[PDB]
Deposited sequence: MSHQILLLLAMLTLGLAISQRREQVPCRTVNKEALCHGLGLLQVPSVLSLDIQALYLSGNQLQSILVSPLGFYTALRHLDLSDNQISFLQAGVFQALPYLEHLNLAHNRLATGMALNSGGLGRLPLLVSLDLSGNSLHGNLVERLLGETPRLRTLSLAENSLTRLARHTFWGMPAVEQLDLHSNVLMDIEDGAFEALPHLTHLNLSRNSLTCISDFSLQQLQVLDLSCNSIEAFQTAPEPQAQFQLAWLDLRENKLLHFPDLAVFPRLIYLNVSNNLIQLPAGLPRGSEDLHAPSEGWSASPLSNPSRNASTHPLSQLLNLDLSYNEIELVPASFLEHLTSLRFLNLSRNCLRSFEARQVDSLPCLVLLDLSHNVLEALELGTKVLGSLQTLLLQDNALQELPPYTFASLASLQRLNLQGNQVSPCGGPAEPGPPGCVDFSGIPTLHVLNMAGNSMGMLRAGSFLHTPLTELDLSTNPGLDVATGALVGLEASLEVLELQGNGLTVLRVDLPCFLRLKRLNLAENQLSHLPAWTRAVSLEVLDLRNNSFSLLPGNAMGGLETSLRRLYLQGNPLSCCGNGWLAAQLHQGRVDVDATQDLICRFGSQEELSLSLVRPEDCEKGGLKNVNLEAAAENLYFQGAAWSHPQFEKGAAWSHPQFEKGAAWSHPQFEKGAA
């Protein structure tokens, strides 16, 4: 059986339950002090959940009366104002593998003389606390801890040797703190590190010959770094989230995730991409990039997503044998107005392309008067996600959308746009989704009943006085028309549409 007590309002540890319980849940109840009785009588409890209480006073040796305890949950308590008045600490804990001490408002000496000694303890929680500084002797009572949680604290200074007493530490959380300068990384065995939501201005590591470091995840989110951290010291790195920072950019081939969004990168060096050849993710949203110089050998050959959004990119230069594994490209409102027909005409394995709010135009063909210097979208078969907006051109070309299926087309902010080619010729077993909104469309020439694989259509805020009549099989479900003038609209001749309809939106009439 189990003994769960959450919010029962009892003012003391109950004694009605027998000596046969292994999980004593007393979290959330009204407990102000844990006496020895009756808890000292219990000796076979695997879980002591006393979190979210009013715990102020503990005698010396209350927890030592338990010889078979594994979990000590003391979170959201007041052990600061009650333990600093000469109250009994934890002392020696033989087999307690999981300790939770969060929200106890401890200072450096309070946490120093609270935890005592514990030979075996997997996790140590000191989050939501008030440690001003970390000393050498802070963790001298712990031989080997795996999980360390130091977040939501008021930490500023960590002196040298404050972590060398814990040589089996893998996870280390230092988020939501105030560490400022960080130097001389010498933990040598850390796996997981967090430095997010802090105020950190620098990160330098001594370049003297030392042992190998095995760090993988290193947030530097929402900090104030000025230079990019050195990664030649960290050859096992996988994750690096340096989003929302202030870095200027004036073996190593191991990174999988790398975020530089909301940073201060005016221009990325080519040598920076040259020395990093194992990337899988790269995020840059709302940066200050000038241009992406992806025109050198062995520069990001395994990249999957290249998020370059909300920048000013006057010229994009990508070519073959440089970066040909890109899967999704997220270009949003940077500067794109006129590009040579080689970036999107010869690169392979691209599926998603974004040209929202951009003046670039697709190329034509032998029988289409394409604008000079356009961008050719024909030459890759796997490009099926295409978004175009802001071209401000009224009659699209044919040939760029051919030789490949386009499962979705996004078109918006195109005044005077008229469609007669590409969306109806060369495509028969594709084009499931094709929506036009926020653009000036007057005459519709694309035959909706021609495509039998339609599932999601939208023709909102477009000036259409006619609508095509269905006479064949179709699987359309949604048809949205917002603020569209329609004096008359019969349905008897429109009978071929009613095959899978369940919700239609239309108003403005």
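Visitor: Counting from 1 along the deposited sequence, which stretches lack C-alpha positions?
Guide: Comparing the full sequence with the modelled residues, the uncovered ranges come out as 1 to 31, 282 to 313, 573 to 675.
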